[PDB]
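Participant: Going down the list, the protein sequences come from chains A and C.
Residues 388 to 482, 484 to 485 in PDB author numbering are what the first sequence lists, from first letter to last.
Residues 340 to 387 in PDB author numbering are what the second sequence lists, from first letter to last.
Pasting a structure below so you can have a look.
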Amino acid sequence: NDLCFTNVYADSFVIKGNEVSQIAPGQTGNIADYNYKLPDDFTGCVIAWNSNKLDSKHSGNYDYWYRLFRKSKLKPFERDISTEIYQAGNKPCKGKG
Amino acid sequence: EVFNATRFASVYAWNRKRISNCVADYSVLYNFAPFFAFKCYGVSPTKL
Ligand SMILES: *[C@@H]1O[C@H](CO)[C@@H](O)[C@H](O)[C@H]1NC(C)=O
């Protein structure tokens with residue numbers, strides 16, 4: 388409460404339990420590499436509280452999404468909304485399977 | 340041949356294979372498994 392900040396950014400996203408421990412400056416994993424990477428010299432703080440009442444229901448819910456397939460790592464504080472099938476081998480294949 | 344094995348030994352007897360006289364491309368290593376922990380100490384995995 389005793390410091391004056393030039394700007395504050397609030398990035399929010401639902402994520403699984405272990406990837407909460409994944410979220411930290413200088414880390415590794417499918418989320419810290421392809422979905423969200425924090426800067427190594429991060430000046431900020433993280434918040435995580437459980438929510439089983441708004442992200443759950445009978446018969447289930449599958450609205451949420453995450454990426455494990457990207458051409459390269461995510462440089463810090465970049466968003467990569469794109470649906471491109473990851474190439475395997477040498478095929479220009481565009482589809484699932 | 341190290342990633343395509345079927346009998347990865349138990350931790351009490353850690354199988355130790357030696358890799359010599361070959362060209363190391365780790366793209367096959369990336370492709371051949373949906374990694375869970377690529378955490379590396381001695382080298383940066385991108386610069387491998
Ligand atoms: C193991 O080898 C077979 C040989 O055709 C290959 O098709 C398969 O993808 C390999 N799988 C793993 C898990 O190593």
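The beta-carbon is built from N, C-alpha and C at its ideal position, and this holds for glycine as well.
1) Closer than 6 Å by C-beta to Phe342 of chain C: which residues in its own chain qualify, once you throw out the five before and the five after it? Chain order, please.
2) In whole angstroms, what is the alpha-carbon distance linking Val433 of chain A and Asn360 of chain C?
3) Please state the DSSP three-state secondary structure of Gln474 of chain A.
4) Could you give the DSSP three-state label for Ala344 of chain C: helix, strand or coil?
5) What number of angstroms, rounded off, separates the C-alpha of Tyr396 of chain A from the C-alpha of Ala348 of chain C?
6) Nearest by alpha-carbon distance to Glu340 of chain C: which of C:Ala352, C:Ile358, C:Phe374 is it?
7) For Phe377 of chain C, I'd like the list of residues in its chain whose CB is within less than 7 Å of its CB, leaving aside the five on either flank, ordered along the chain.
8) When you compare only the Cα positions, how much space is there between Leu368 of chain C and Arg355 of chain C?
9) Tell me whether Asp420 of chain A sits in a helix, a strand or coil according to DSSP, three-state version.
10) Label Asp427 of chain A either buried or exposed according to how many other C-beta atoms from any shown protein chain fall within 10 Å of its C-beta, with 16 as the threshold for buried.
11) For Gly482 of chain A, which residues in the same chain have their Cβ closer than 7 Å to its Cβ, ignoring the five residues on either side in sequence?
12) Would you mind stating whether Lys460 of chain A and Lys424 of chain A have Cβ atoms separated by less than 8 Å?
13) Considering only residues of the same chain and omitting the five flanking positions on each side of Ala419 of chain A, which have a CB-CB separation below 6 Å?
14) Please report the distance separating the alpha-carbon of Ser469 of chain A from that of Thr345 of chain C.
Facilitator: Working from what's here:
1) Taking the second sequence and counting its residues from 1, one reaches residue 342 of chain C at position 3. Excluding residues within five positions, the ones whose Cβ falls inside 6 Å are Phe371.
2) As a first step, residue 433 of chain A is located in the first sequence; it is residue number 46 there, counting from the start. As a first step, residue 360 of chain C is located in the second sequence; it is residue number 21 there, counting from the start. When rounded, the distance between both Cα atoms is 47 Å.
3) As a first step, residue 474 of chain A is located in the first sequence; it is residue number 87 there, counting from the start. In the structure shown, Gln474 of chain A sits in coil (DSSP, three-state: anything other than H, G, I, E or B).
4) For the purposes of this step, residue 344 of chain C is identified with residue 5 of the second sequence, where counting begins at 1. Reduced to three states, the DSSP call for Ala344 of chain C is coil.
5) Mapped onto the first sequence, residue 396 of chain A falls at position 9. Mapped onto the second sequence, residue 348 of chain C falls at position 9. In a straight line, the C-alpha of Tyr396 of chain A is about 48 Å away from that of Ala348 of chain C.
6) Counting from one through the second sequence, the residue named residue 340 of chain C turns up at place 1. Residue C:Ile358 is the option with its Cα nearest to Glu340 of chain C.
7) Residue mapping note: residue 377 of chain C aligns to position 38 of the second sequence, counting from 1. Cβ neighbours of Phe377 of chain C beyond the five flanking positions: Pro384.
8) The residue given as residue 368 of chain C occupies position 29 in the second sequence. The residue given as residue 355 of chain C occupies position 16 in the second sequence. Distance between the alpha carbons of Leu368 of chain C and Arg355 of chain C: 17 Å.
9) Mapped onto the first sequence, residue 420 of chain A falls at position 33. It is helical.
10) Reading the first sequence from its first residue, position 40 is the one you call residue 427 of chain A. Counting Cβ neighbours within 10 Å, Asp427 of chain A comes out exposed, since fewer than 16 surround it.
11) Against the first sequence, residue 482 of chain A aligns to sequence position 95. Closer than 7 Å at the Cβ level, and outside the excluded window around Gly482 of chain A, lie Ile472.
12) Residue numbering aside, residue 460 of chain A sits at position 73 when the first sequence is read from its first letter. Residue numbering aside, residue 424 of chain A sits at position 37 when the first sequence is read from its first letter. Cβ atoms of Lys460 of chain A and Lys424 of chain A: closer than 8 Å.
13) Here residue 419 of chain A corresponds to residue number 32 of the first sequence, with the count starting at 1. Excluding positions up to five away in sequence, the list reads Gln409.
14) The residue given as residue 469 of chain A occupies position 82 in the first sequence. The residue given as residue 345 of chain C occupies position 6 in the second sequence. In a straight line, the C-alpha of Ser469 of chain A is about 36 Å away from that of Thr345 of chain C.
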